[PDB]
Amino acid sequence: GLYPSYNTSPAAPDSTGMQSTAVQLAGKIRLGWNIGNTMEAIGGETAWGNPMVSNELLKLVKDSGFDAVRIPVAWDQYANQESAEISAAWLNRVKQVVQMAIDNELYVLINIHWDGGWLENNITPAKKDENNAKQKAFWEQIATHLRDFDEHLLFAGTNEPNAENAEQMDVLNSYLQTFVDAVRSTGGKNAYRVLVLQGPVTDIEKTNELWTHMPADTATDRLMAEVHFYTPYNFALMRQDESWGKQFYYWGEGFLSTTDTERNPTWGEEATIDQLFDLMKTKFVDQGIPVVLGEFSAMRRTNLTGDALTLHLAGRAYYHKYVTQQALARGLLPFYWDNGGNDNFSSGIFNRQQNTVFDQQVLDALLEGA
């Protein structure tokens, strides 16, 4: 009894609008966009440069060709730390954003993101019990408040849990079972809702190596797995050279440099992507289990000038088309990581301030890849 029970209005199981299995639900989704740096921002929905999610944004997203949004959400900072009660106002706000995305005929995946680290950086036997308790209390509140949405709303229990060995993986399995049991306990449409479970560090290789099983579920065929993809780091996100490796400015057959050769990839090209996706195809998809590719993007390097710029941008685009297409070919649901930035080292494909397209190049790539 570290915190009180938040499962206070359990409802009869309700199969209405909840007719699809994870596999069927997955058939409906081919392209996803993260509302990145927004509802998960530390300090508030607008503390990381993005405006509050508006219907206009969600209408643009649907209209641009996305079927789904992944909505990272911060929770801990809105919560009474003694009782783990989440502000009702935050809860209403997350509900309201869910309602609007569902008004726009988008599928929606809400998580508890990094959220300041309380779970994500503490996949550890010392923290296991208090974190299991907090997981339970928060998921009880989130699931109850969102209980009435149809199958357009999926839940994801964690973001990127830092488990790098089998001991930490056993703690993660517990954190995931707690999530599943929380949500199911609230009843209603939550008795059948599709839930998404995260691999260790959402890393394909560590998931293949460490993952053992899915949490136990009272529902039949309502679970998906999730990985992320930022491979190779040197291209997608590296902003400075280190002793151990240099930033890649270019990527893809066709788009490599002959002037500035050390800025080409030494790894993480087309074959590696295909290989990593095949691990996820054989461990999960062939076994009956869709895989959410919850985040991928290669950041823009607008600090390049002239011919270097022009070439980086061509490979960047292709990287995104290639990832999308190769994931879809193997039953991974690709969700683009959009942090809303339109500046250097950012990933925003929309201009959130004007509800317009900022990077038509990357959007067409994603679409043609879809």
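Residues carry their position along the shown sequence, with the first being 1.
Colleague: Which is higher on mean Cα B factor in this entry, 299-307 or 28-36?
Modeller: Comparing 28-36 with 299-307, the higher average CA B-factor belongs to 299-307.
Colleague: If you average the CA temperature factors as listed in the entry, which stretch comes out higher, 150-158 or 235-243?
Modeller: The stretch with the larger average C-alpha B-factor is 235-243.
Colleague: When you compare the CA B-factors of 121, 168, 259, 87 as listed in the entry, which one comes out on top?
Modeller: Top of the list by C-alpha B-factor: 259.
Colleague: Checking the entry, which one of 197, 112, 289, 98 has the top C-alpha B factor?
Modeller: Of the candidates given, the C-alpha B-factor peaks at 289.
Colleague: How does residue 63 rank on Cα B-factor within its chain, lowest, middle or highest third?
Modeller: For residue 63, whose C-alpha B-factor we compare with every modelled residue in the chain, the answer is the highest third.
Colleague: Can you work out whether the C-alpha temperature factor of residue 345 puts it in the lowest, middle or highest third of the chain?
Modeller: Highest third.
Colleague: Among the modelled residues of this chain, does the Cα B factor of residue 108 put it in the lowest, middle or highest third?
Modeller: CA B-factor rank for residue 108: lowest third.
Colleague: Using only modelled residues of the chain, where does the Cα B factor of residue 83 rank: lowest third, middle third or highest third?
Modeller: Within its chain, residue 83 is a highest-third residue by C-alpha B-factor, going by the deposited values.
Colleague: Taking the chain's C-alpha temperature factors as the reference, tell me which third residue 134 falls into: lowest, middle or highest.
Modeller: For residue 134, whose C-alpha B-factor we compare with every modelled residue in the chain, the answer is the middle third.
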